[PDB]
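Undergrad: curious how this folds, go ahead:
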Amino acid sequence: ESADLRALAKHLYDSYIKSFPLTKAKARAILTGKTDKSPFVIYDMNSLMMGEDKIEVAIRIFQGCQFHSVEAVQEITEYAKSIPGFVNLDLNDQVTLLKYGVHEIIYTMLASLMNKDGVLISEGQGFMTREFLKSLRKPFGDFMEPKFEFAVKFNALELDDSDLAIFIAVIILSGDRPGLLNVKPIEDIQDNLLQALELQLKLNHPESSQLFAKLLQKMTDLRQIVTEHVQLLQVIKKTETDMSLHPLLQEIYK
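TA: Numbering: from 1, shown residues only. Structure data below:
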């Protein structure tokens, strides 16, 4: 029943907390200015230079961003195991569900690390300016911009981590995934999750009408950004032959 649904949510939050060391709550405390939390800002190359001692260029900035994805995939992968059902799927689907979902979680989760002015980096110890990123030489300039455009529209909904824990699981468990051998299992797990989420928003955000819908609408955005990253990667890989991707990451693209 409703009580049963309310339990899965707490289980999901708990794993969320356990899996991901930087929370929205923590990211927001560093950004809000609440002492120790405040981070080292980087807005020009000189800030970076010192920002290294403290905490091409666009390429060294990029490894960090791609690496961040790698660090996140490891946490996301651990988290998926945490969700009810996922470990009982055909091991080929776990892999698939993850291969297509990790990227969409990265950008959902990357929003909690930013405001219109920038994104937090390095476990929250720095802050890098959305302008400085735009400033970077093309094709790299372009990459962060659509993330922030999502982030802001996305953060606008004012979701706490307890809400994301369920949502980032609504994402992973997609019956819409390509090459999935057993869709029926997944769409049943997602039904519990979607229902947990529906309730979670109606309890935690009762004075916000149709947040559940408005939120699920925000996947269309998530998908568009991923395609852009892939398109950018196609160009980056062809132009920057001397760059490598992390195996784990090369796997989420082929």
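Undergrad: contacts and neighbour counts: CA atoms only from here.
TA: OK.
Undergrad: centre-most residue in the chain?
TA: Compute the mean C-alpha point of the chain, and by C-alpha atoms, centre = their mean the closest residue is residue 106, 2.2 Å away.
Undergrad: measure it to residue 136 for me?
TA: 22 Å (C-alpha to C-alpha, to the nearest Å).
Undergrad: circling back: then the residue nearest to the centre of the chain would be within a helix, right?
TA: Yes - per DSSP: H, G, I helix; E, B strand; the rest coil, residue 106 lies within a helix segment.
Undergrad: that one contacts residue 69, correct?
TA: Yes - with contacts counted by C-alpha atoms under 8 Å, residue 106 reaches residue 69, the gap being 6.6 Å.
Undergrad: buried residues in stretch 8-26?
TA: 8-13, 15-16, 19-20, 23-24, 26 (16 or more other C-alpha atoms under 10 Å).
Undergrad: now, which of those sits nearest residue 199?
TA: Nearest to residue 199 among these: residue 9, at 9.1 Å, using C-alpha to C-alpha.
Undergrad: tell me who's in contact with residue 106.
TA: 69, 72, 73 (C-alpha atoms under 8 Å, 6 or more residues apart in numbering).
Undergrad: show me where the chain has strands.
TA: 40-42, 114-115, 118-121, 126-129 (DSSP state E).
Undergrad: can you put those in JSON lines and add mean neighbour count and distance to residue 34?
TA: Shown next, in JSON lines, are the strands of the chain (neighbours: other C-alpha atoms under 10 Å; distance: least, C-alpha to C-alpha, whole Å):
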{"stretch": "strand 40-42", "mean neighbour count": "20", "distance to residue 34": "15"}
{"stretch": "strand 114-115", "mean neighbour count": "22", "distance to residue 34": "15"}
{"stretch": "strand 118-121", "mean neighbour count": "23", "distance to residue 34": "15"}
{"stretch": "strand 126-129", "mean neighbour count": "22", "distance to residue 34": "15"}
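Undergrad: and those: which comes nearest residue 196?
TA: strand 114-115 (26.6 Å).
Undergrad: pairing partners for the closest one, with directions?
TA: Paired with strand 114-115 in the same sheet, following DSSP bridges, are strand 118-121 (antiparallel).
Undergrad: once you drop chain neighbours, what's closest to residue 252?
TA: residue 99 (5.0 Å; C-alpha to C-alpha, 6 or more residues apart in numbering).
Undergrad: output the longest helix belonging to this protein.
TA: If you go by DSSP state H, the chain has its longest helix at helix 211-239.
Undergrad: helices or strands next to it in the packing?
TA: Packing contacts for helix 211-239, counted by 3 or more C-alpha pairs under 8 Å, 6 or more residues apart in numbering; DSSP states H and E, involve helix 91-111, helix 145-155, helix 183-204.
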